[PDB]
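J.: return a 3D structure for these sequence lines:
(one chain, ligands or ions: 2)
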Amino acid sequence: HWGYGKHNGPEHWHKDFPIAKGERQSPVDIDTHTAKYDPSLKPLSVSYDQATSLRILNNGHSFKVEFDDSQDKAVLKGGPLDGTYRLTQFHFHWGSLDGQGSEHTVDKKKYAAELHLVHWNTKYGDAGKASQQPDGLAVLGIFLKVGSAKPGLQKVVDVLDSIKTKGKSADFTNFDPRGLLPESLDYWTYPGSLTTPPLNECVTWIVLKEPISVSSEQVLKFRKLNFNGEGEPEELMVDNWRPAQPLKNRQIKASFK
Ligand SMILES: NS(=O)(=O)c1c(F)c(F)cc(F)c1NC1CCCCCCC1
Ligand SMILES: [Zn+2]
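T.: Numbers count the residues shown, from 1 in each chain. Ligands and ions are numbered 1, 2, ... in the order given. Structure data below:
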């Protein structure tokens, strides 16, 4: 099936998902100097105080933390967004070395990892339905650079040994996603897509300017995960990122300057 390898990775996806060569594909290189400040962007509101994490799982492509999105908790609103978007999961993409791993790039810079907090437009009632619509999802993307540790990430890192292989999961309650946010909410925004199959062009990307710092020990724990299931041939879960795609006719806006 699809994956991140030589024979099934990003260059191959368009065969099963022709939208791979579409007009709004993600990620992209963000040129910080041609990003257009947009005064009509409203203040960005990240309201995570009532977030309810449920479970963490290894799906064979990454790991994800699932939230209870059945109520009006953990919402993103404002910025470029119309209406209210509810948090449903977060996940990461990372590299086999610190010099790569992010999907978005900033003036060509690759970060060691990228965090995606995935929200769905409450007009659509759930995340699956939302993903079929052009305005269906908003993804808050945060870069991870290697340096000092992120204490708020440690709960995640410390359970990863329990979900090493595809199809493992564990209960994962009371994880506070506020602990993964940098100080600044300055951001870039552009219209795009899922970065994995089916590559739907349903995402309003919101990419924060300020990375978070994580430690080498934290990122090393990501790299001990496996794409395979237990009892199958070992393949380390590393380099699960799609490279930058053409911007085409789109404009990237900035919330600042
Ligand atoms: N990359 S993304 O663009 O934020 C994203 C979404 F917005 C989403 F709605 C659903 C998605 F599957 C993804 N990508 C995967 C990426 C990693 C392997 C599997 C874990 C789930 C997330
Ligand atoms: Zn992602």
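J.: close to ligand 1: what parts of the chain are there?
T.: 59, 61-62, 64, 91, 116, 118, 131, 137, 139, 194-196, 203 (Cβ under 6 Å from any ligand atom). In short, each C-beta sits where N, CA and C put it, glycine included.
J.: hmm, which of the residues you listed are the buried ones?
T.: 61-62, 64, 91, 116, 118, 131, 137, 139, 194-196, 203 (16 or more other Cβ atoms under 10 Å).
J.: now distance to residue 48 and secondary structure too, for those residues, in CSV please.
T.: Rendered in CSV, the data for those read as follows (distance: Cβ to Cβ, whole Å; DSSP: H, G, I helix; E, B strand; the rest coil):
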residue, distance to residue 48, secondary structure
61, 25, coil
62, 21, coil
64, 17, strand
91, 16, strand
116, 15, strand
118, 13, strand
131, 21, coil
137, 17, strand
139, 15, strand
194, 22, coil
195, 22, coil
196, 24, coil
203, 19, strand
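J.: relative to its centre, which residue of the protein is most distant?
T.: residue 231 (28.8 Å; Cα atoms, centre = their mean).
J.: show me where the stretch 1-150 of the chain has its strands.
T.: Here the stretch 1-150 of the chain has its strands, by DSSP state E, counting those that start in this stretch, at 29-30, 36-37, 42-47, 53-58, 63-67, 75-79, 84-94, 105-106, 113-121, 137-146.
J.: for the ones you listed, which one ends up most surrounded?
T.: With neighbours defined as mean count of other Cβ atoms under 10 Å, the strands of the stretch 1-150 of the chain peak in mean count at strand 113-121, which reaches a mean of 26.
J.: got the angle between that strand and strand 75-79?
T.: 90 degrees (axes from the mean of the first three to the mean of the last three Cα atoms, to 10 degrees).
J.: quick one: list the elements packing against strand 113-121.
T.: Using 3 or more Cβ pairs under 8 Å, 6 or more residues apart in numbering; DSSP states H and E as the contact test, the elements touching strand 113-121 are strand 75-79, strand 84-94, helix 127-130, strand 137-146.
J.: output the second one as CSV, nothing but the C-alphas.
T.: Extracted C-alpha coordinates of strand 84-94, given in CSV (Å, rounded to 0.1, in the frame of the first residue of the first chain):
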residue,chain,number,x,y,z
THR,A,84,-15.3,27.1,14.6
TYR,A,85,-12.9,24.1,14.1
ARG,A,86,-12.7,21.3,16.7
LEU,A,87,-9.5,19.4,17.6
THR,A,88,-9.7,15.8,16.7
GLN,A,89,-6.1,14.5,16.8
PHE,A,90,-2.5,15.5,16.6
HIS,A,91,0.5,13.6,15.1
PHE,A,92,4.0,14.2,14.0
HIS,A,93,6.3,13.8,11.0
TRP,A,94,10.0,13.4,11.5
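J.: ok, it: who's next to it in the sheet?
T.: For strand 84-94, sheet partners with direction are given as strand 63-67 (antiparallel), strand 75-79 (antiparallel), strand 113-121 (antiparallel), following DSSP bridges.
J.: what bridges to residue 85?
T.: Beta bridges link residue 85 to residue 76, residue 121 when assigned by DSSP bridges.
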